[PDB]
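Trainee: Experimental structure and sequence below, a few questions after.
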Amino acid sequence: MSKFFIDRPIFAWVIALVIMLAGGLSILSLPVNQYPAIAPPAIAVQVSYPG
Amino acid sequence: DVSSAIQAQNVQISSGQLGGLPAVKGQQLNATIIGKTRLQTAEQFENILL
């Protein structure tokens, strides 16, 4: 592989540019948040029985 | 008559709060007032007058 790219440095560049272009564009869809969803899910059940 | 009666004398009455909101200026002492809860013993049932 390496020997192959050593005499084909544009090809090498292109796989690199494709990687960048794609991963770059990915930053325009990733949501941003402080921490990931780390709290255990919980369910509350609630009833008022007046008096 | 017995059902209507049983319903009448075996019913948790809500009974509010003693100092609820709004209140008169001051007061300072608020407390829940617990009424009676429903009957429990066979004997209490034997007594619900008709």
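Mentor: Okay, I see it. Numbering: from 1, shown residues only, chains lettered A, B, ... in the order given.
Trainee: Every contact and neighbour count from this point should use C-alpha atoms.
Mentor: OK.
Trainee: Distance-wise, check the residue in chain B positioned nearest to chain A relative to residue B:39.
Mentor: Ranked by CA to the nearest CA, the top residue of chain B for proximity to chain A is residue B:14, at 3.9 Å. Using CA to CA, to the nearest Å, residue B:14 is found at 15 Å from residue B:39.
Trainee: Likewise for residue A:38?
Mentor: For residue A:38, the distance to residue B:39 - CA to CA - is 48 Å.
Trainee: which residues touch the nearest residue to the residue of chain B closest to chain A once chain neighbours are set aside?
Mentor: Nearest residue to residue B:14, sequence neighbours excluded (CA to CA, 6 or more residues apart in numbering or on different chains): residue A:51, at 3.9 Å. The neighbours of residue A:51, taking CA atoms under 8 Å, 6 or more residues apart in numbering or on different chains as the test, are B:12-16, B:34.
Trainee: Would you reformat these as a markdown table and include secondary structure and distance to residue B:48?
Mentor: Listed next are the contacts of residue A:51 as a markdown table, based on DSSP: H, G, I helix; E, B strand; the rest coil; distance: CA to CA, whole Å:
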| residue | secondary structure | distance to residue B:48 |
| --- | --- | --- |
| B:12 | coil | 15 |
| B:13 | coil | 16 |
| B:14 | coil | 20 |
| B:15 | coil | 21 |
| B:16 | coil | 25 |
| B:34 | coil | 21 |
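Trainee: Where do the helices of chain B begin and end?
Mentor: Applying DSSP state H to chain B gives helices spanning B:2-8, B:42-45.
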